[PDB]
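In structure tokens, the next block holds one chain alone, the form deposited without its partner chain.
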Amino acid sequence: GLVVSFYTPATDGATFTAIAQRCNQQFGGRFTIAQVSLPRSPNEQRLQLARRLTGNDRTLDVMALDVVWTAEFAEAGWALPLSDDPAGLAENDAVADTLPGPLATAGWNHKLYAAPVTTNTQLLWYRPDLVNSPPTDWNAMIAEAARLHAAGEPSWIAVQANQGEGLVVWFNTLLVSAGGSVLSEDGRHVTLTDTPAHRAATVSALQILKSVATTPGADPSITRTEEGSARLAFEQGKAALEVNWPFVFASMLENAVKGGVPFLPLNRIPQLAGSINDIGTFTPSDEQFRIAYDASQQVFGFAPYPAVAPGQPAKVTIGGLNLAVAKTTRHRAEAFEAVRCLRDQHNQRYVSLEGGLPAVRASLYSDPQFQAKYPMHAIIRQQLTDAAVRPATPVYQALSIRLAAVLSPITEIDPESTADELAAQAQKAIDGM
């Protein structure tokens, strides 16, 4: 039968290949989904897709889009509205049993242009054997890192951010938590410095970035261009504090069982032998999960994203992936049917428990079987309820490149002058409409 191509970030390729393989057993030979990988950064994911869409690649069917690409892809006509499903089923499927934060990321001008499949929100991860209590706010993060440094313990604050989208995400979370916003609601005005309250919020966020950058024991790689992984930095013992998306939980257990985490040698537990399956995925029994998780609790804990102001939780920038059907497809009906299978209940459970990516289905966050294997479920659902959002705008690509070039390196931030530079660069981006 026909093949529905399914483009996804390469780092999620194995997870989505597995989901596609399950979805291929249930179409009655009518068709096959074929996963195809995209590059690592959101901007290169977008670029590969945009070049196929403008090139009229008629083999491109389903795309897993970062949440920030909806406006551009809807406005360009590249993502079909869900109302273009010939079966008329896609819109109701996308909303039913789906958390509202993820859904909002999939809309443009009051219509859905994609079906959420994964969401994302950052948590604090820490070494409980080195850090007595998890820092509750950024001042406490800095104080704990300085303490670790003076004790000769690992002292980096490993935030998943370099010089790209992740740095923009970090800034956006600090900014919205402080009451600021990059753009107005409609995306037509820059709101970083246009009122005193907005300017004060921008300055407070930049002050946090600069303070973290210049804390004793800070990662010397802030001032370098080389890409870094906060996930690997922590797994290697180079940081005892990490701010990152929740896939690091699955990664900690799997890499520990593979032998890749020196302070958690789960591969030396005979009961865990053979729990990595034949293509490299940790697939434990219930007992093996208990053993691995219980052992991990001595050296790996999680907690809310640090607060920006003492006494109120942060507003944490939402992330994730939405499934869109490309205007190029020669088989809209099967592409939308594939989208519904790829996000069904069983595959949502899989994408979180094995793939490490937070599910979008509200039912799972209320399901004790899911909660038992996804122990950060309550913090995740709370942070998705009061999430910050990056600006929705068709010129997001240019806005984010401009903002990230100003913010990096964060050691060079001067709150007041950087605030004005950010606002001017943001204005250049939206002056391309």
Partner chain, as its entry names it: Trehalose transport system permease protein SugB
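Numbering follows the first chain given and starts at 1.
The protein also exists as the form deposited with its partner chain bound; that form is not presented, and the subsequent description refers to it.
Stretch-level contact check against its partner chain in the entry with it bound with heavy atoms at 4.5 Å: of 53 to 61, 26 to 34, 365 to 373, 384 to 392, the positive one is 53 to 61. Remark: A424 does not count among the residues lining its partner chain in the entry with it bound, judged by a heavy atom distance of 4.5 Å or less.
Within this chain, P415 is remote from the site of its partner chain in the entry with it bound, having no heavy atom within 4.5 Å. Using a 4.5 angstroms limit between non-hydrogen atoms, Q236 touches its partner chain in the entry with it bound. Although the partner is absent from this view, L232 contacts its partner chain in the entry with it bound, with a non-hydrogen atom inside 4.5 angstroms. None of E254, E144, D137, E165 but one reaches within 4.5 angstroms of its partner chain in the entry with it bound through a heavy atom, and that residue is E254.
Listed residues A178, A250, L209, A307 were compared with its partner chain in the entry with it bound; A250 is the one with a heavy atom within 4.5 Å. Heavy atoms closer than or equal to 4.5 Å to its partner chain in the entry with it bound belong, across 289 to 322, to no residue whatsoever.
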